Q: 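Handing you a structure now.
Each chain gets a letter, A, B and so on, in the order its sequence line appears, and its residues count up from 1. Worth knowing before you read on, the calculation uses all heavy atoms, side chains too, and leaves out hydrogens, waters and symmetry mates.
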Amino acid sequence: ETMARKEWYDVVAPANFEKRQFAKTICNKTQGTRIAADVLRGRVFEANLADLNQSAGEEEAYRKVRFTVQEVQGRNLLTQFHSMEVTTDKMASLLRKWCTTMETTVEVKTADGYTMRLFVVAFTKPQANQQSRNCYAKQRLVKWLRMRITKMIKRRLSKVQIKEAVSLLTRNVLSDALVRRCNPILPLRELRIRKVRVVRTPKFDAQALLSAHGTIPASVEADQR
Amino acid sequence: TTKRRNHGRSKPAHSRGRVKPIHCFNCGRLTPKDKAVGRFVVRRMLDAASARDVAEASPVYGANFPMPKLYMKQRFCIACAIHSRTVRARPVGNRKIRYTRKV
Amino acid sequence: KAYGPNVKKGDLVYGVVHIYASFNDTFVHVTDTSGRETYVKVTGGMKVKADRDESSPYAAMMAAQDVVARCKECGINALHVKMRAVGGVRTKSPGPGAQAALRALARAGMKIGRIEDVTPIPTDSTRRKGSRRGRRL
Amino acid sequence: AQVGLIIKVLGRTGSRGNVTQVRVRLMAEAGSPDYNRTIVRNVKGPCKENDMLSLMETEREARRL
RNA sequence: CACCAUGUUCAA
RNA sequence: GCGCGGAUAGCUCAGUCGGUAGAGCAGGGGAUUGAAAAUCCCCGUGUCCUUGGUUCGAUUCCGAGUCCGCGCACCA
RNA sequence: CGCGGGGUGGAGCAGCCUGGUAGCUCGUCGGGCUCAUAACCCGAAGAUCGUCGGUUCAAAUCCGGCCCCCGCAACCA
RNA sequence: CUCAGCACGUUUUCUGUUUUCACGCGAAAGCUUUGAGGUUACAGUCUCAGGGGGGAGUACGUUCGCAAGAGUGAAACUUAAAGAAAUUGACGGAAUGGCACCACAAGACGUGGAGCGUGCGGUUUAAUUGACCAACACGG
RNA sequence: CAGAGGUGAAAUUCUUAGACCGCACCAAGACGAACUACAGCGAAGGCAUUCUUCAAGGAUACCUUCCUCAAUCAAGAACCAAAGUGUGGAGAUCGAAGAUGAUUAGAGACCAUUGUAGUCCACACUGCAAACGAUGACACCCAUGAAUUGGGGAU
Ligand SMILES: *O[C@H]1[C@H](O)[C@@H](N)[C@@H](O[C@H]2[C@H](O[C@@H]3O[C@H](CO)[C@@H](O[C@H]4O[C@@H](CN)[C@@H](O)[C@H](O)[C@H]4N)[C@H]3O)[C@@H](O)[C@H](N)C[C@@H]2N)O[C@@H]1CO
Ligand SMILES: [Mg+2]
Ligand SMILES: [Mg+2]
Ligand SMILES: [Mg+2]
Ligand SMILES: [Mg+2]
Ligand SMILES: [Mg+2]
């Protein structure tokens, strides 16, 4: 039997999220020369952002968030933000044909040490009274849409920590403040941070990880039935 | 006998020299991107009989939260478009009809 | 009898089912939501004896019922679903077994979470099999 | 085998026209899970609507048209 | 999208 | 001549460790079909290499021996 | 020449019960499908096992003498 | 703040890529300020190529090339048409809509196997006196 | 954990020494999807991520300057797709040759699995395209209505 050697573990998000305990998993019992706590401590857990903050509205429903395992406290897998990505169904529906599509990539080094790319996509719109056939854009103006986005993310997310930066990427605080400043350059149908990835990490500090979870919600699977 | 002005493709005389080809969607034939007939399909994943079974067994999906779909942009060879009946041979007077949007 | 985790009878335990339908064979593969742990993988070529039936939707259905039989034993009440075609440089349209595999999990009482298509799409392509003239039939 | 009622005849199908595409309502016992369920199935033989027939595996649906 | 090659010489 | 494996219908081959043979495949029929190949369903068919001790009952347990493989032997 | 190999249905080749109208592919026949031919399908025919003897209940096989075909060798002064 | 900014709306105008639309033109297909128009009412300027189909872009000569080749480029001989665009038809293992028990389907009852009757072929014979779905119990 | 692959059906091929699948990652080389169109740029070949750079190019604006400097071209020059060649790199994927499957009467083909040269870069060579708009260049006149790209001007 293969489920005879499996132990159920529970995956906790950081303190940003409403549903802390998501995505119950398995792993082998320890044989003795290989421990479960080392096999688990690099895994990546994909979860929808609408299944975490417990407040949908079809802006959170179309983003999933990945978490990477840092520390193991018994049955809890203490994780940290790995990546966030707009789902592939929402992203392909945003393209229309006759407009134009700008794609910027900005490299951000947070004040904790996490280096990240953010991959912003933008789309032009026609005006309300516009009778034109296409509404494309000047390539002078898409390079200043791109210059202002690159300047504004490297300034807002280089002061902050990593718990604050994920709370900026979630909740659309960064994105809404990035539409409003980049709409007087070009008329924007949609500006959406498409995916963000943690690229490089600082060296593992244990006290900085436990601070990032608040109070751990105390799993129930080191148990009797 | 020039069968069609524009010669089958969206390139006029003094505009482009060439356009780099794409592979056909099922044949894999390399045809130029402006020549090859291109359809953007918005196909649903499940039939409405099959989707009703899945939406009923779903905590997420219902009449409020619609189910996703496939968005793939097919591009076909001209041999491949006739045979799959994406496109058909039309009468001589009827060939100049051009559709700017999906009907 | 049930190697499930420690919850009540009502709670939903999620895994992720990875439906992979080609035009040659359909796969139904249940993982843990990290992918690093596999509960059951049942393919459509284990249900039929002829190779032409391995892609068919009825073999996808019987493979989908063999999954639900074991996922109840492992204690998995609900599933997220990631469907895919072959993708990459290839045909990117889902096979015959795809929609009948998914319907047979809902019909068998497995609760269905969030449907997603994760077919591999390139930002630019390697050269595809077959010549400049393509496959000729 | 469940007994279903033909509520609609959708036309003669197949190559030779011997198979008939119908829409069959399943007619279960009204407290059941699969009550008032309608399926689109292929019937072999002369079939008019309101004709009951027995079904071996009701979880299949035929591909329409 | 299984396989499906060919029909002597003038003349009417 | 030492240890390992192989012997089970025409071909092919897994065995319940001492309670009776199985699938694979070929050989005769209906089905598919308008005619195919493939696919199906249906009726052949092996004293289970030779011997014993014959455990309630030996393809299965066990003692020799013929046959066939590999890797090893070796002073009339 | 010594020595070595084989002669088998019209063609080319097999043949381990010592033995199946001896087997295989092709061809020849007779019927189909086709407007017609080929392909294809359903059938049936055709062997002095080169020849003479001998072993044997039984010989293509086993032992021979012959007729052919085809090579290997055919040496050193 | 790449900000006295960005996009749009109505209208002008220059340059570019085009489209369905007046003359006119063309053997026609078609072309049409983007000419194939302004041409027997035949002259704005310059330039390159062609002279029935072949042989043949061959042979020789020469110049380039590492080579493959490239540029230049004949003749003997041979032929009564080769072409071009359209029309009408016939045909498609091209779409689309129909139909038919001399088509299938779902079936029936048989023919092909046997014996005989009769017609046809062949073989015989002194002689065994049209037709080959739409010939073969037919020329009553 | 028991098959994947591939096809019209298959079989070559991979697989209990763990294939296929699933997750995160790494390496290497190509290539820049959708947006991408009777759109732009370029003398033609041709050119599609981004950012920092180098020299240019046309159009437009102008009451700037110049003052016939022009048009077109034998000879002569420099570019010129893909394949090909030489010398070094690279070698991921597709893949002439070749090899195995299969289909076939035959299959030297199409189809499946592979696989060499090539594909890609540097520096040389070649100069062979349906190099097309099957339409030489430069001027002139030329009716109409939607649009479109860049510049300028009115509101
Ligand atoms: O250079 C132009 C010329 O001077 C003038 N004869 C004009 O002809 C038309 C004009 O056609 C164009 O319609 C276009 C709009 O759909 C317009 O283009 C213009 O668009 C404006 C908005 N973007 C301008 O900003 C833009 O610069 C400009 N290109 C016109 O050019 C019609 O609009 C009139 N109704 C009738 C005129 N005869 O076209 C010349 C260039 O095409
Ligand atoms: Mg070209
Ligand atoms: Mg011939
Ligand atoms: Mg007679
Ligand atoms: Mg084939
Ligand atoms: Mg290959």
Side-chain angles (χ1 to χ4, degrees), chain A residues 2 42-46 66 68 82 91-92 95-105 123-138 140-141 143-144 146-148 150-151 181 183-187, chain B residues 1-3 5-7 9-20 22 33-34 38 40 71-73 82-83 85 88-90 96 98, chain C residues 16 18 20 22-25 27 29-36 38 40-41 43 45-46 49-53 82 89 121-123 125-131 135-137, chain D residues 14-18 44-46:
Chain A
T2 58
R43 293 185 178 182
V44 176
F45 289 90
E46 179 176 357
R66 292 181 182 88
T68 183
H82 181 76
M91 181 62 206
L95 277 80
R96 294 180 182 176
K97 190 172 183 178
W98 294 102
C99 63
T100 184
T101 298
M102 302 76 161
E103 296 181 355
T104 76
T105 301
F123 297 100
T124 52
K125 66 180 177 67
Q127 294 294 324
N129 57 1
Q130 177 168 355
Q131 296 293 322
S132 297
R133 300 291 288 163
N134 59 10
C135 68
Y136 296 114
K138 301 287 178 65
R140 183 183 66 84
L141 291 175
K143 286 172 91 288
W144 173 47
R146 185 175 299 120
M147 181 270 172
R148 180 173 288 175
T150 304
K151 184 177 179 179
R181 272 321 289 278
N183 200 0
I185 299 168
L186 286 171
Chain B
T1 300
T2 298
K3 185 178 183 174
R5 190 177 194 180
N6 80 4
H7 310 92
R9 63 188 296 161
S10 179
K11 189 179 80 172
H14 300 100
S15 61
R16 259 71 64 194
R18 71 182 280 261
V19 284
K20 198 177 289 184
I22 43 90
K33 191 184 285 183
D34 59 357
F40 186 82
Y71 299 94
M72 71 183 72
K73 185 65 171 182
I82 275 89
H83 183 266
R85 288 192 290 263
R88 292 177 185 176
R90 294 191 297 183
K96 279 188 175 289
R98 298 174 69 98
Chain C
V16 175
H18 297 283
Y20 168 62
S22 177
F23 290 95
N24 298 117
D25 191 76
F27 297 184
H29 184 192
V30 173
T31 58
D32 63 350
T33 199
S34 68
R36 297 283 287 268
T38 295
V40 65
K41 176 170 84 271
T43 65
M46 301 193 289
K49 291 181 261 73
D51 298 334
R52 47 161 122 76
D53 293 333
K82 290 182 180 179
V89 300
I121 302 297
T123 301
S125 179
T126 319
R127 188 175 176 88
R128 186 257 177 87
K129 216 214 36 111
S131 67
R135 182 179 176 183
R136 296 184 298 278
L137 293 174
Chain D
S15 60
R16 275 89 65 88
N18 44 11
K44 176 251 189 66

Q: Over how many whole Å does the gap from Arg136(C) atom CZ to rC1(E) atom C1' extend?
A: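 So the CZ-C1' distance, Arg136(C) to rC1(E), works out to 15 Å.
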Q: Please determine if a side-chain N or O atom of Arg18(B) lies less than 4.0 Å away from the OP1 or OP2 oxygen of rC47(I).
A: yes
Q: Does CZ belonging to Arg96(A) count more than 12 external heavy atoms closer than 6.0 Å?
A: no
Q: Which pair of non-hydrogen atoms, one from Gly17(B) and one from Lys11(B), has the smallest distance, and what is that distance?
A: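 The pair with the smallest heavy-atom distance is O-NZ, 2.9 Å.
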Q: Using the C1' atom on both, measure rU8(G) against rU61(G) and round to a whole Å.
A: 12 Å
Q: Which part of the nucleic acid, if any, lies within reach of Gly130(C) when heavy atoms closer than 4.0 Å are counted: base, sugar-phosphate only, or nothing?
A: sugar-phosphate
Q: Scan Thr1(B) against the nucleic acid and name what it touches under 4.0 Å (heavy atoms): base, sugar-phosphate only, or nothing.
A: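 Since only primed, P, OP1 and OP2 atoms lie under 4.0 Å of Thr1(B), the category is sugar-phosphate.
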Q: Rounded to the Å, how far apart are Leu141(A) CG and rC8(H) P?
A: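 Taking atom P of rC8(H) as the reference, CG of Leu141(A) is at 10 Å.
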Q: Roughly how many Å is it from CH2 in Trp144(A) to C1' in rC6(H), rounded to a whole number?
A: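 In whole Å, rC6(H) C1' lies 7 Å from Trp144(A) CH2.
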Q: Please state the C1' separation for the pair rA7(F) and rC48(F) - nearest whole angstrom.
A: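 It comes out at 10 Å once rounded to the nearest Å.
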Q: Are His83(B) and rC1(E) stacked, counting the six-membered base ring, centres under 5.5 Å, planes under 30°?
A: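 Whether judged by distance or by angle, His83(B) passes, so it stacks on the base of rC1(E).
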Q: With both distances under 3.5 Å as the test, what is the Watson-Crick or G-U wobble partner of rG86(I)?
A: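 Its partner is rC123(I) (Watson-Crick or G-U wobble, both distances under 3.5 Å).
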Q: Looking at the side chain of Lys20(B), which of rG8(I), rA48(I), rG46(I) is the nearest nucleotide?
A: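 Nearest listed nucleotide: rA48(I).
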Q: If you look at every strand shown and take non-hydrogen atoms under 4.0 Å, does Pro187(A) touch a base, only sugar-phosphate, or nothing?
A: sugar-phosphate
Q: For nucleotides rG10(F) and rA26(F), find the distance between their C1' atoms and express it as a whole number of Å.
A: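 One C1' to the other, the span is 8 Å.
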Q: Any side-chain N or O of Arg146(A) less than 4.0 Å from the OP1 or OP2 oxygen of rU2(H)?
A: no
Q: With positive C1'-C2'-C3'-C4' meaning north and negative meaning south, how does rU13(H) come out?
A: north
Q: Using the P atom on both, measure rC79(I) against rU60(I) and round to a whole Å.
A: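 So the two P atoms sit 32 Å from each other.
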Q: May I ask you to verify whether the side chain of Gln131(A) and the base of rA146(I) hold a donor-acceptor pair under 3.5 Å?
A: no
Q: The side chain of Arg52(C) is closest to which nucleotide in this list: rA10(I), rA105(H), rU113(I)?
A: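 From the listed options, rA10(I) comes nearest.
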Q: With respect to the side chain of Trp98(A), which nucleotide from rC38(I), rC21(I), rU113(I) is positioned closest?
A: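 Between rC38(I), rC21(I), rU113(I), the one nearest the side chain of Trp98(A) would be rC38(I).
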Q: Please work out if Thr68(A) contacts a base, only the sugar-phosphate, or nothing of the nucleic acid, heavy-atom cut-off 4.0 Å.
A: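 If one applies the 4.0 Å heavy-atom cut-off, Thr68(A) turns out to touch nothing in the nucleic acid.
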Q: If you compare every side-chain N and O of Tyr136(A) against the phosphate oxygens of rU36(I) (OP1, OP2), does one of them come in below 4.0 Å?
A: yes
Q: Quick one: does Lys129(C)'s side chain get under 4.5 Å of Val89(C)'s, heavy atoms only?
A: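 They are not in contact (no side-chain heavy atoms under 4.5 Å apart), so the answer is no.
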Q: Any side-chain N or O of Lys125(A) under 4.0 Å from OP1/OP2 of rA7(H)?
A: no
Q: Taking only side-chain N and O atoms of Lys41(C), does any of them lie within less than 4.0 angstrom of OP1 or OP2 on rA19(I)?
A: no
Q: Does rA41(H) carry a north or a south sugar when the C1'-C2'-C3'-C4' torsion is used to decide?
A: south
Q: Please determine, for the side chain of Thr101(A), which listed nucleotide (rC51(I), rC35(I), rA39(I)) has the closest atom?
A: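 That would be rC35(I).
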Q: Report the distance from atom NE2 of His14(B) to atom P of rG136(I), rounded to the nearest whole Å.
A: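 That distance rounds to 10 Å.
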Q: OP1 or OP2 of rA34(I) sitting under 4.0 Å from any side-chain N/O of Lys97(A)?
A: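 For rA34(I), neither OP1 nor OP2 has a side-chain N or O of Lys97(A) closer than 4.0 Å.
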Q: Could you state the atom-to-atom distance from CG of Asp51(C) to P of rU12(I) in whole Å?
A: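 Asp51(C) atom CG is separated from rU12(I) atom P by 11 Å.
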Q: Using a 3.5 Å limit on both hydrogen-bonding distances, do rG106(I) and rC69(I) make a Watson-Crick or G-U wobble pair?
A: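 The answer is no: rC69(I) does not partner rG106(I).
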Q: Of all the nucleotides listed (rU18(H), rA105(H), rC38(I)), which has the minimum atom distance to the side chain of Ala13(B)?
A: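 Of the options given, the side chain of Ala13(B) lies nearest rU18(H).
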Q: Using atom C1' in both nucleotides, what's the gap between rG18(F) and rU60(F) to the nearest angstrom?
A: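 Pairwise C1' distance, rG18(F) against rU60(F), rounds to 7 Å.
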Q: Is the phosphate of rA37(I), meaning OP1 or OP2, less than 4.0 Å from a side-chain N or O of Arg98(B)?
A: no
Q: Once you look at the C1'-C2'-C3'-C4' sign, would you call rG15(F) north or south?
A: south
Q: Please give, in whole Å, the distance from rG45(I) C1' to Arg16(B) CZ?
A: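 Roughly 16 Å, once rounded to whole Å.
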Q: With heavy-atom distances below 4.5 Å as the criterion, would you say the side chains of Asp32(C) and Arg43(A) are in contact?
A: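 Result yes, sub-4.5 Å side-chain heavy-atom pair found.
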Q: Just N and O in the side chain of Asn134(A): are any of them under 4.0 Å from OP1 or OP2 of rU148(I)?
A: no
Q: Do both conditions hold for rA49(H) and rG50(H), namely six-membered ring centres separated by less than 5.5 Å and ring planes inclined at less than 30°?
A: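 Stacking test on this dinucleotide step: yes.
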Q: Looking at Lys151(A), I'd like to know whether one of its side-chain N or O atoms comes within less than 4.0 Å of OP1 or OP2 on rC1(H).
A: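 Yes, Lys151(A) has a side-chain N/O under 4.0 Å of OP1/OP2 on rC1(H).
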Q: How long is the line joining CD1 of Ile185(A) and P of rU2(H), in whole Å?
A: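 In whole Å, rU2(H) P and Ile185(A) CD1 are 7 Å from each other.
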Q: Inspect the six-membered rings of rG38(H) and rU39(H) and say whether their centres lie under 5.5 Å apart and their planes under 30° apart.
A: no
Q: Tell me whether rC64(H) is paired to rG69(H) (Watson-Crick: purine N1 to pyrimidine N3 plus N6-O4 or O6-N4; or G-U wobble; cut-off 3.5 Å).
A: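 Check passed, canonical or wobble pair found.
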Q: Contact class for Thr2(A) vs. all strands (heavy atom < 4.0 Å): base, sugar-phosphate, or nothing?
A: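 Sugar-phosphate contact only - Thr2(A) comes under 4.0 Å of backbone atoms but never of a base.
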Q: How is the sugar of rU34(H) puckered by the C1'-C2'-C3'-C4' sign, north or south?
A: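 South pucker for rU34(H).
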Q: Distance check, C1' atoms only: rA131(I) and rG45(I), in whole angstrom units.
A: 7 Å
Q: Between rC42(F) and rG3(F), how far apart are the two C1' atoms, rounded to whole Å?
A: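 Approximately 50 Å lies between the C1' atom of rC42(F) and that of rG3(F).
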Q: Checking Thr150(A) side chain against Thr105(A) main chain: does a donor-acceptor pair fall under 3.5 Å?
A: no
Q: Is the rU104(I)-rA105(I) step stacked (ring centres under 5.5 angstrom, plane angle under 30°)?
A: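 Not both cut-offs are satisfied, so the bases of these neighbours are not stacked.
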Q: Would you tell me if any nitrogen or oxygen in the side chain of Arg5(B) comes within less than 4.0 Å of OP1 or OP2 on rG133(I)?
A: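 No, because none of the side-chain N or O atoms of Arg5(B) sits under 4.0 Å from OP1 or OP2 of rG133(I).
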Q: Choose from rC8(H), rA34(I), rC111(I) the nucleotide whose nearest atom is closest to any side-chain atom of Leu137(C).
A: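 Of all the options, the side chain of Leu137(C) is nearest to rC111(I).
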Q: Tell me if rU148(I) and its neighbour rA147(I) stack, counting it only when ring centres are under 5.5 Å and the plane angle is under 30°.
A: yes
Q: Which nucleotide sits closest to the side chain of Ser132(A): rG9(H), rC94(I), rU36(I)?
A: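 So the nucleotide nearest the side chain must be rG9(H).
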Q: Taking the same atom, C1', in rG150(I) and in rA75(I), what whole-Å distance lies between them?
A: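 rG150(I) and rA75(I) have their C1' atoms separated by 41 Å.
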Q: Using atom CZ of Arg148(A) as one end and atom P of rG5(H) as the other, report the distance to the nearest whole Å.
A: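 Value for this atom pair: 14 Å.
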Q: North or south for the sugar of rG20(G)? Use the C1'-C2'-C3'-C4' sign convention, positive meaning north.
A: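 Torsion sign negative, so south.
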Q: As a test of reading the structure: which of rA34(I), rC21(I), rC25(I) is closest to the side chain of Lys33(B), going by heavy atoms?
A: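 Minimum distance to the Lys33(B) side chain belongs to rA34(I).
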Q: Are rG92(H) and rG93(H) stacked bases, their six-membered ring centres under 5.5 Å apart and their planes under 30 degrees apart?
A: no
Q: The side chain of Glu103(A) lies closest to which of these nucleotides: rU33(F), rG5(I), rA34(I)?
A: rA34(I)
Q: To the side chain of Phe27(C), which of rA34(I), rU148(I), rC21(I) is closest?
A: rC21(I)
